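A short write-up of the structure that comes next.
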Amino acid sequence: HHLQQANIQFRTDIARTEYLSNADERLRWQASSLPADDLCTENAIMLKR
Amino acid sequence: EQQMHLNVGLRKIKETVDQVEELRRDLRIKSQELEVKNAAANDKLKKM
Amino acid sequence: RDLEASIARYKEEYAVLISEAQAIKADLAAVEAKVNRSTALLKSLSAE
Amino acid sequence: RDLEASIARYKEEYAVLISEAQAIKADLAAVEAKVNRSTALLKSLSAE
Amino acid sequence: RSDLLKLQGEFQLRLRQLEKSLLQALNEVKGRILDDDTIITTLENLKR
């Protein structure tokens, strides 16, 4: 809402997880017993970056 | 980088379609010259 | 004898240019097959 | 019409086979060039 | 369900790899696509 109010463009359609990681990284993550959850995927993204 | 890759691919595809068109033209010219060669050949065969 | 020598030379030369035409024909067939293969590849690449 | 039909087969398959005869003549010339080049190389490699 | 989740994961990986390979193959080709038939064969294999 702050960025919309400030006339700053950003993609709303794309979610955080696939924007911050590629499919190969995610697949390796479930290969590494990462639980299949959006929050767990975000946690893995933070643990990487 | 993905934009440059896609531009390269599209350019290559357009070059390829232009090449196949000019190669159709070359094939037609080849057919015509082959036909005229064979015709003269058979004419002088009847001469022999 | 003179007309028979005519036969010899001219007929040798004409069989020679006939083989030349047969060669240009194999080349033309290869070109046509290449054109067909390329067109198939290109109409397969429309989606990309 | 019968004789001309017989000719309008025989003349050209014998033209085709004389064409392939000159094709194998070109093959034989290539083989001979390969042979003499190879023997020159071998006689130049005797000291080695 | 577990088997087909694994199958779908492998399949999506394979589609990604094929698309990337096709892009890089079109990118790295030198000259024209039809100059060499290895590019044609690789593209046809990737399509199939």
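Residue numbering restarts at 1 for every chain of the structure tokens, chains are lettered A, B, ... in their displayed order, and ligands are numbered from 1 as they appear.
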
Quick one: which chain B residues come within 12 Å of chain D, and what is the nearest atom pair for each with the distance in Å to one decimal, counting only C-alpha atoms, rows ordered by chain and ascending number, as JSON lines?
{"residue": "B:38", "atom": "CA", "partner": "D:12", "partner_atom": "CA", "distance": 11.2}
{"residue": "B:41", "atom": "CA", "partner": "D:15", "partner_atom": "CA", "distance": 10.8}
{"residue": "B:42", "atom": "CA", "partner": "D:12", "partner_atom": "CA", "distance": 9.8}
{"residue": "B:45", "atom": "CA", "partner": "D:11", "partner_atom": "CA", "distance": 9.9}
{"residue": "B:46", "atom": "CA", "partner": "D:11", "partner_atom": "CA", "distance": 11.1}

Moved coordinates, chain C onto chain D, all Cα atoms, as an mmCIF file with N, CA, C and O atoms, in the first residue's frame:
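Written output follows (out_20.cif):
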data_model
loop_
_atom_site.group_PDB
_atom_site.id
_atom_site.type_symbol
_atom_site.label_atom_id
_atom_site.label_comp_id
_atom_site.auth_asym_id
_atom_site.auth_seq_id
_atom_site.Cartn_x
_atom_site.Cartn_y
_atom_site.Cartn_z
ATOM 1 N N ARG C 1 6.006 -47.650 -82.769
ATOM 2 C CA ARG C 1 5.758 -46.964 -81.477
ATOM 3 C C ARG C 1 6.314 -47.831 -80.348
ATOM 4 O O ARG C 1 6.945 -47.280 -79.435
ATOM 5 N N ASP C 2 6.091 -49.143 -80.425
ATOM 6 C CA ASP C 2 6.576 -50.063 -79.368
ATOM 7 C C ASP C 2 8.101 -49.987 -79.325
ATOM 8 O O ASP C 2 8.647 -49.886 -78.216
ATOM 9 N N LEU C 3 8.752 -50.006 -80.490
ATOM 10 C CA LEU C 3 10.238 -50.030 -80.498
ATOM 11 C C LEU C 3 10.758 -48.676 -80.022
ATOM 12 O O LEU C 3 11.826 -48.653 -79.416
ATOM 13 N N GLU C 4 10.003 -47.609 -80.273
ATOM 14 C CA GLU C 4 10.401 -46.248 -79.843
ATOM 15 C C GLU C 4 10.286 -46.165 -78.323
ATOM 16 O O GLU C 4 11.120 -45.490 -77.714
ATOM 17 N N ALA C 5 9.261 -46.797 -77.751
ATOM 18 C CA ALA C 5 9.121 -46.826 -76.281
ATOM 19 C C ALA C 5 10.294 -47.636 -75.739
ATOM 20 O O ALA C 5 10.866 -47.240 -74.698
ATOM 21 N N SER C 6 10.644 -48.717 -76.445
ATOM 22 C CA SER C 6 11.827 -49.495 -76.018
ATOM 23 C C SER C 6 12.958 -48.480 -75.924
ATOM 24 O O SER C 6 13.464 -48.292 -74.813
ATOM 25 N N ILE C 7 13.227 -47.782 -77.031
ATOM 26 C CA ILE C 7 14.271 -46.726 -77.037
ATOM 27 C C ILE C 7 14.115 -45.957 -75.727
ATOM 28 O O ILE C 7 14.895 -46.169 -74.839
ATOM 29 N N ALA C 8 13.076 -45.147 -75.601
ATOM 30 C CA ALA C 8 12.887 -44.344 -74.377
ATOM 31 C C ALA C 8 13.401 -45.089 -73.143
ATOM 32 O O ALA C 8 14.523 -44.774 -72.681
ATOM 33 N N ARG C 9 12.648 -46.082 -72.663
ATOM 34 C CA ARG C 9 13.025 -46.703 -71.363
ATOM 35 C C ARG C 9 14.485 -47.152 -71.342
ATOM 36 O O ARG C 9 15.252 -46.664 -70.478
ATOM 37 N N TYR C 10 14.858 -48.033 -72.265
ATOM 38 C CA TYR C 10 16.215 -48.630 -72.208
ATOM 39 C C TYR C 10 17.292 -47.542 -72.241
ATOM 40 O O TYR C 10 18.220 -47.642 -71.446
ATOM 41 N N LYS C 11 17.159 -46.538 -73.105
ATOM 42 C CA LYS C 11 18.214 -45.508 -73.285
ATOM 43 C C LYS C 11 18.278 -44.639 -72.035
ATOM 44 O O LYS C 11 19.380 -44.278 -71.629
ATOM 45 N N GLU C 12 17.124 -44.297 -71.474
ATOM 46 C CA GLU C 12 17.140 -43.542 -70.202
ATOM 47 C C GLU C 12 17.950 -44.366 -69.207
ATOM 48 O O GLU C 12 18.941 -43.844 -68.668
ATOM 49 N N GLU C 13 17.587 -45.636 -69.047
ATOM 50 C CA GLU C 13 18.257 -46.468 -68.018
ATOM 51 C C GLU C 13 19.757 -46.546 -68.296
ATOM 52 O O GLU C 13 20.534 -46.560 -67.325
ATOM 53 N N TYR C 14 20.144 -46.585 -69.568
ATOM 54 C CA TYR C 14 21.575 -46.809 -69.896
ATOM 55 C C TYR C 14 22.352 -45.515 -69.690
ATOM 56 O O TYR C 14 23.443 -45.596 -69.169
ATOM 57 N N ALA C 15 21.774 -44.374 -70.025
ATOM 58 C CA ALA C 15 22.460 -43.109 -69.710
ATOM 59 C C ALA C 15 22.586 -43.047 -68.187
ATOM 60 O O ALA C 15 23.600 -42.540 -67.689
ATOM 61 N N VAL C 16 21.583 -43.562 -67.478
ATOM 62 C CA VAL C 16 21.597 -43.515 -65.989
ATOM 63 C C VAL C 16 22.780 -44.341 -65.488
ATOM 64 O O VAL C 16 23.552 -43.844 -64.630
ATOM 65 N N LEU C 17 22.930 -45.553 -66.012
ATOM 66 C CA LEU C 17 24.003 -46.403 -65.443
ATOM 67 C C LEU C 17 25.345 -45.870 -65.942
ATOM 68 O O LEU C 17 26.355 -46.119 -65.272
ATOM 69 N N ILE C 18 25.340 -45.127 -67.048
ATOM 70 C CA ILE C 18 26.592 -44.522 -67.592
ATOM 71 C C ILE C 18 27.026 -43.412 -66.636
ATOM 72 O O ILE C 18 28.239 -43.278 -66.382
ATOM 73 N N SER C 19 26.062 -42.635 -66.151
ATOM 74 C CA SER C 19 26.378 -41.588 -65.153
ATOM 75 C C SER C 19 26.846 -42.283 -63.875
ATOM 76 O O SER C 19 27.757 -41.754 -63.217
ATOM 77 N N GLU C 20 26.248 -43.433 -63.556
ATOM 78 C CA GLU C 20 26.708 -44.188 -62.362
ATOM 79 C C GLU C 20 28.191 -44.523 -62.546
ATOM 80 O O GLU C 20 28.969 -44.312 -61.593
ATOM 81 N N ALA C 21 28.563 -45.004 -63.733
ATOM 82 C CA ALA C 21 29.966 -45.388 -64.004
ATOM 83 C C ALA C 21 30.870 -44.153 -63.940
ATOM 84 O O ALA C 21 31.989 -44.271 -63.433
ATOM 85 N N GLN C 22 30.401 -43.018 -64.457
ATOM 86 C CA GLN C 22 31.207 -41.771 -64.428
ATOM 87 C C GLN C 22 31.465 -41.403 -62.968
ATOM 88 O O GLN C 22 32.595 -40.992 -62.652
ATOM 89 N N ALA C 23 30.447 -41.547 -62.119
ATOM 90 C CA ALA C 23 30.623 -41.265 -60.679
ATOM 91 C C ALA C 23 31.669 -42.226 -60.115
ATOM 92 O O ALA C 23 32.619 -41.757 -59.464
ATOM 93 N N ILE C 24 31.505 -43.526 -60.375
ATOM 94 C CA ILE C 24 32.454 -44.502 -59.770
ATOM 95 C C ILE C 24 33.850 -44.169 -60.303
ATOM 96 O O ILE C 24 34.845 -44.560 -59.648
ATOM 97 N N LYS C 25 33.911 -43.429 -61.415
ATOM 98 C CA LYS C 25 35.212 -43.084 -61.981
ATOM 99 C C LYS C 25 35.849 -41.919 -61.238
ATOM 100 O O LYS C 25 37.061 -41.914 -60.999
ATOM 101 N N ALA C 26 35.048 -40.914 -60.881
ATOM 102 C CA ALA C 26 35.558 -39.830 -60.047
ATOM 103 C C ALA C 26 36.018 -40.363 -58.696
ATOM 104 O O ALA C 26 37.061 -39.947 -58.173
ATOM 105 N N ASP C 27 35.253 -41.294 -58.123
ATOM 106 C CA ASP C 27 35.668 -41.925 -56.874
ATOM 107 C C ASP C 27 36.990 -42.665 -57.043
ATOM 108 O O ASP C 27 37.868 -42.588 -56.176
ATOM 109 N N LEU C 28 37.149 -43.388 -58.154
ATOM 110 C CA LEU C 28 38.394 -44.105 -58.411
ATOM 111 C C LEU C 28 39.567 -43.145 -58.560
ATOM 112 O O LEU C 28 40.671 -43.422 -58.080
ATOM 113 N N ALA C 29 39.353 -42.023 -59.249
ATOM 114 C CA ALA C 29 40.414 -41.031 -59.389
ATOM 115 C C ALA C 29 40.806 -40.458 -58.035
ATOM 116 O O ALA C 29 41.996 -40.272 -57.749
ATOM 117 N N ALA C 30 39.815 -40.178 -57.184
ATOM 118 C CA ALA C 30 40.114 -39.696 -55.840
ATOM 119 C C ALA C 30 40.899 -40.734 -55.048
ATOM 120 O O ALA C 30 41.854 -40.393 -54.339
ATOM 121 N N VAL C 31 40.517 -42.007 -55.166
ATOM 122 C CA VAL C 31 41.230 -43.070 -54.465
ATOM 123 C C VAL C 31 42.669 -43.166 -54.952
ATOM 124 O O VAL C 31 43.597 -43.320 -54.152
ATOM 125 N N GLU C 32 42.879 -43.084 -56.267
ATOM 126 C CA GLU C 32 44.235 -43.172 -56.804
ATOM 127 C C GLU C 32 45.091 -41.997 -56.346
ATOM 128 O O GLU C 32 46.266 -42.173 -55.997
ATOM 129 N N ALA C 33 44.522 -40.789 -56.348
ATOM 130 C CA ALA C 33 45.262 -39.632 -55.856
ATOM 131 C C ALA C 33 45.606 -39.791 -54.381
ATOM 132 O O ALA C 33 46.718 -39.454 -53.952
ATOM 133 N N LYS C 34 44.663 -40.307 -53.590
ATOM 134 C CA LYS C 34 44.925 -40.552 -52.178
ATOM 135 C C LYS C 34 46.035 -41.579 -51.996
ATOM 136 O O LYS C 34 46.889 -41.430 -51.116
ATOM 137 N N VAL C 35 46.035 -42.629 -52.819
ATOM 138 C CA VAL C 35 47.089 -43.638 -52.751
ATOM 139 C C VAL C 35 48.443 -43.012 -53.052
ATOM 140 O O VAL C 35 49.431 -43.265 -52.356
ATOM 141 N N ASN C 36 48.511 -42.199 -54.108
ATOM 142 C CA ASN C 36 49.782 -41.575 -54.467
ATOM 143 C C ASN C 36 50.274 -40.657 -53.356
ATOM 144 O O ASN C 36 51.461 -40.675 -53.001
ATOM 145 N N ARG C 37 49.371 -39.860 -52.783
ATOM 146 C CA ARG C 37 49.751 -38.965 -51.696
ATOM 147 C C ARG C 37 50.238 -39.748 -50.484
ATOM 148 O O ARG C 37 51.248 -39.388 -49.863
ATOM 149 N N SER C 38 49.540 -40.832 -50.139
ATOM 150 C CA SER C 38 49.944 -41.645 -49.000
ATOM 151 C C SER C 38 51.299 -42.297 -49.235
ATOM 152 O O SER C 38 52.133 -42.340 -48.327
ATOM 153 N N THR C 39 51.541 -42.815 -50.441
ATOM 154 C CA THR C 39 52.839 -43.417 -50.729
ATOM 155 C C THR C 39 53.952 -42.382 -50.658
ATOM 156 O O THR C 39 55.053 -42.678 -50.176
ATOM 157 N N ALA C 40 53.696 -41.168 -51.153
ATOM 158 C CA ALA C 40 54.694 -40.109 -51.031
ATOM 159 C C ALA C 40 54.993 -39.812 -49.569
ATOM 160 O O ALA C 40 56.161 -39.692 -49.174
ATOM 161 N N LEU C 41 53.949 -39.721 -48.746
ATOM 162 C CA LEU C 41 54.141 -39.471 -47.321
ATOM 163 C C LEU C 41 54.939 -40.595 -46.670
ATOM 164 O O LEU C 41 55.820 -40.347 -45.838
ATOM 165 N N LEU C 42 54.650 -41.842 -47.045
ATOM 166 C CA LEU C 42 55.312 -42.974 -46.403
ATOM 167 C C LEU C 42 56.776 -43.080 -46.809
ATOM 168 O O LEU C 42 57.638 -43.335 -45.961
ATOM 169 N N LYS C 43 57.091 -42.885 -48.093
ATOM 170 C CA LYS C 43 58.507 -42.898 -48.442
ATOM 171 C C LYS C 43 59.211 -41.624 -47.994
ATOM 172 O O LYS C 43 60.445 -41.573 -48.021
ATOM 173 N N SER C 44 58.464 -40.598 -47.580
ATOM 174 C CA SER C 44 59.087 -39.493 -46.864
ATOM 175 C C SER C 44 59.334 -39.821 -45.396
ATOM 176 O O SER C 44 60.204 -39.202 -44.776
ATOM 177 N N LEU C 45 58.603 -40.783 -44.833
ATOM 178 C CA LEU C 45 58.706 -41.127 -43.420
ATOM 179 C C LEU C 45 59.654 -42.286 -43.144
ATOM 180 O O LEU C 45 59.672 -42.790 -42.016
ATOM 181 N N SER C 46 60.427 -42.731 -44.136
ATOM 182 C CA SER C 46 61.326 -43.858 -43.916
ATOM 183 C C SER C 46 62.397 -43.536 -42.881
ATOM 184 O O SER C 46 62.728 -44.387 -42.045
ATOM 185 N N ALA C 47 62.953 -42.322 -42.925
ATOM 186 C CA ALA C 47 64.017 -41.957 -41.993
ATOM 187 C C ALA C 47 63.520 -41.978 -40.553
ATOM 188 O O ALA C 47 64.196 -42.502 -39.658
ATOM 189 N N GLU C 48 62.338 -41.410 -40.309
ATOM 190 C CA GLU C 48 61.777 -41.445 -38.963
ATOM 191 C C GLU C 48 61.506 -42.875 -38.522
ATOM 192 O O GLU C 48 61.757 -43.232 -37.367
#

Q. In Å, how far is it from atom CA of residue 22 of chain A to atom CA of residue 35 of chain A?
A.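 So the answer is 16.8 Å.
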
Q.
When you look at residue 3 of chain B with a cut-off of 12 Å (counting only C-alpha atoms), what residues show up, excluding the ones that are within fewer than 6 positions of it in the same chain? I need them as a ChimeraX atom specification.
A. /B:9-10 /E:23,27

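Atom CA of residue 48 of chain E to atom CA of residue 16 of chain B spans 20.0 Å [interatomic distance, one decimal].
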
(Q) Distance limit 10 Å, atoms considered: only C-alpha atoms. Which chain E residues sit that close to chain A? Return them as a list in words. (A)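 Here they are: residues 9, 10, 12, 13 and 16 of chain E.
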
Write the selection just made, keeping N, CA, C and O atoms, as a tab-separated table (two decimals), in the first residue's frame?
chain	number	residue	atom	x	y	z
E	9	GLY	N	7.94	-33.59	-10.98
E	9	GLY	CA	9.14	-32.82	-10.73
E	9	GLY	C	10.21	-33.06	-11.78
E	9	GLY	O	10.78	-32.12	-12.34
E	10	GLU	N	10.47	-34.34	-12.08
E	10	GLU	CA	11.46	-34.66	-13.10
E	10	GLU	C	11.04	-34.10	-14.46
E	10	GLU	O	11.88	-33.59	-15.21
E	12	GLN	N	9.08	-31.46	-15.18
E	12	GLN	CA	9.24	-30.01	-15.23
E	12	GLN	C	10.71	-29.64	-15.35
E	12	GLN	O	11.07	-28.73	-16.12
E	13	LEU	N	11.58	-30.33	-14.61
E	13	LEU	CA	13.01	-30.11	-14.77
E	13	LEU	C	13.45	-30.38	-16.20
E	13	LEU	O	14.26	-29.63	-16.77
E	16	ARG	N	12.37	-27.54	-18.51
E	16	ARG	CA	13.23	-26.38	-18.31
E	16	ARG	C	14.58	-26.58	-18.99
E	16	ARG	O	15.08	-25.68	-19.68

(Q) Please find the residues of chain E near chain B - the criterion being any atom within 10 Å, counting only C-alpha atoms - and write them as a PyMOL selection string. (A) chain E and resi 22-29+31-34

Q: Can you list, as a count of residues only, all residues belonging to chain A that DSSP tags as helix (DSSP H, G or I)?
A: 29

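Here is the contact set of chain E against chain C, at 9 Å and counting only C-alpha atoms: residues 34, 40, 43, 44 and 47 of chain E.
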
Q: One decimal, Å: what's the distance from atom CA of residue 13 of chain A over to atom CA of residue 42 of chain A, could you say?
A: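 Computed distance, atom CA of residue 13 of chain A to atom CA of residue 42 of chain A, equals 17.1 Å.
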